[PDB]
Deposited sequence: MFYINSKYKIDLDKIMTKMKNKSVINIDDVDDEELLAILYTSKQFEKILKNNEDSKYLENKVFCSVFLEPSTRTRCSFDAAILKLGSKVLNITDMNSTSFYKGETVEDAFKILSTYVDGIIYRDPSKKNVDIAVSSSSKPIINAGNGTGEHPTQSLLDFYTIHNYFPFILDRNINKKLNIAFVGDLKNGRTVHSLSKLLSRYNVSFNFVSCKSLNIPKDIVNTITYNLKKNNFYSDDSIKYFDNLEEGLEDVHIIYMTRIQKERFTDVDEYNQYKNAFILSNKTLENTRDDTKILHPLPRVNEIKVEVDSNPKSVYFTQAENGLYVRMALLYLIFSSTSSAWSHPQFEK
C-alpha cells in the first residue's frame, strides 16, 4: 500500500483506528492521516471508474443532524450508502424537540444500543462531548458550536495534498504557502485546517479587514506546531488586509464565508498569482467568489466538495470495518 513514496500498513493502522470516535482533528495522528489520505484516493479512483464501492456492507448507522445542514448530512449518507451500509436519519429537528424532556446521556446510551455508529451535528459543544461519554458506539462529529469539524479539515487537507503532495514530506526545502481570506475571526474551518497544516512545512498569509483577524490562540497553536518540527521562522506567519499582497506566492488560496469588497475573488485579482495556485472555499459561497472564476482552472472548490464523499467513505471504512482492502 503506497501513495508514491510512503508505504502504509493499513492492517495495523485499522487495528488502531477500529471503533475510534473522531470529534476534533487532533484525534487524528500522522499515521491515521496517511491511512485516510491513501484510502480516500482508492475510493476516488474506484468511483470515478464506476467500480464496486461496497467495502463496508452489513453496518447500520444513525445520523443525527439537530440543525438544518443538508450538504454535510447528504455527504455522510451517500458515503454510507455507497459503502453498501444502511442509515437511519434524525433531521429537521433542533436540540429541544429531540431531547423533549430527556437528557443527552439517556438518549445516546439508548440510541447506541441500536446501531454500529453515530454521525452527530449539533450547534452545542457540550452535547457532542456528552454523547461521546454516554455512547457504547463510536461517534463522528459532523460539526458543532466549538468549531470542531474534523471531516471538513480532512477533506480540505486531502484536496491540497492532491495538487501539492510534498506537504506530507516534512522536507525543509519544500514549503507550502497558503493564504486564508475573509472572516478569519468566525471562520472555524480556517482554525481547524490551520492546526492540521501547521504539523507540516507550511507558511501562512492571513488576509482580513482588521475587525475579523485570526485569533491569537490559533497563531499560538500554529507557532507551537511549526516549532515542534523545526519549521518556525519570523516569515512563518504574515498578515495583510489586501488581495494584491496577500495572494502573491501562495500555492493555495482558501476563501471563507461571511454575512453583511477588499476580498472578492475575480479573474482580474488572480492574474498575478502563481500559475499552480488552487482556490478552495468550504462553501456555500455568497459574493466572495465571482461565477467567472468557476471557468478558471485554478478553481477547485467544487472538486473539494466532491472530495468530502471519498474522505467520509475512507474514515467510515477505517473505523467500522471488521476483518481485501480497496486498491486500484
inquiry  = Where does the structure fail to cover the deposited sequence at the C-alpha level?
reply    = 1 to 2, 263 to 275, 339 to 342, 348 to 349
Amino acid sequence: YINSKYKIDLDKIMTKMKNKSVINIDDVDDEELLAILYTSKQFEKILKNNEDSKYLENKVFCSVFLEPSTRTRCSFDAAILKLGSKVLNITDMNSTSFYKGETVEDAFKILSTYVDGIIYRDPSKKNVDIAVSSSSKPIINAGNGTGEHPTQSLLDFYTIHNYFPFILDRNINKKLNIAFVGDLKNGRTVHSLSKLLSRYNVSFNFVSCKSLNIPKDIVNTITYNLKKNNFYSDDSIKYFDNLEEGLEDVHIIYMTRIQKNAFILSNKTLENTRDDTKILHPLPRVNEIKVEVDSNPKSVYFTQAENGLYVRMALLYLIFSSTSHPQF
From here on, numbers count along this sequence of modelled residues.
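If you superpose the two forms and keep the largest set of C-alpha atoms that fall within 1.5 Å, you have the rigid core.
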Higher-deviation stretch (C-alpha RMS, rigid core fit) in 6 other deposited structures of this protein, choosing from 261 to 269 and 285 to 293 = 261 to 269
message = Please compare 229 to 237 with 83 to 91 and say which has the higher mean C-alpha temperature factor in the record.
response = 229 to 237
key: Comparing 301 to 309 with 8 to 16, the one whose average Cα B-factor in the PDB entry is higher   = 8 to 16
request  = Go through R199, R71, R188, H161 one by one and give the residue whose Cα B-factor in the PDB entry is largest.
outcome  = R71
query = From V128, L243, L193, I178, which pick has the Cα B-factor that tops the rest in the entry?
reply = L243
Modelled-residue ranking by C-alpha temperature factor, third containing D275 = highest
inquiry  = Quick check for you: using the entry's CA B-factors within this chain, is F76 in the lowest, middle or highest third?
reply    = lowest
query = Compared with the other modelled residues in the chain, in which third is the CA B-factor of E105?
reply = highest
inquiry  = Ranking the modelled residues of this chain by C-alpha B-factor as given in the entry, is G145 in the lowest, middle or highest third?
reply    = highest
task = Could you look up the Cα B-factor of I222 in the entry and say which third of the chain it sits in: lowest, middle or highest?
result = lowest
